[PDB]
């Protein structure tokens, strides 16, 4: 099984640059590394990754994702790398990363994180606690840089935001 327009090699499924509007069916359940980056994804329906329990890397960077559903990563307990950079995300659902105990590389930069809203506090506390794995780049050029997740319209890092500077009434 392999989606047309993706490159399949063993437990790698590389859909990087496929111009997909939607996640394709037919990604093998034994897949270990999944590139869905550089497509036109705008949403993820709940459960889309639930049968992909062997994933160790998931790259969703360079799409138009406006939100993530609660629990979308809950079955991926072997995940080490997660790419969410260069999307349209305004917050992360509460606890979205809790079931990802093996993460070593996370990309969150270049999103319009909405730091006025109380929904940002999960992400803010998470980045503060897991600062040593938040970064940028690739292979030789990987660099830890937790301040690169920035509040939209400011130069304030998401991890500097406190509850007192958020409001439940400023959440679209």
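Numbering follows the first chain given and starts at 1.
As listed in the deposited structure, the average C-alpha B-factor of 161 to 169 and of 4 to 12 is greater for 161 to 169. Of the two stretches examined, 104 to 112 and 48 to 56, the record assigns the greater average C-alpha temperature factor to 48 to 56. Based on the entry's C-alpha B-factors, the most elevated value among 27, 127, 117, 36 belongs to 117. In the deposited entry, the Cα temperature factor of residue 21 places it in the middle third of its chain's modelled residues. Annotation for residue 31: CA B-factor lies in the lowest third of the chain's modelled residues. For residue 63, the recorded CA temperature factor ranks within the lowest third of the chain's modelled residues. For residue 85, the recorded CA temperature factor ranks within the lowest third of the chain's modelled residues. Annotation for residue 121: C-alpha temperature factor in the middle third relative to the rest of the modelled chain, per the entry.
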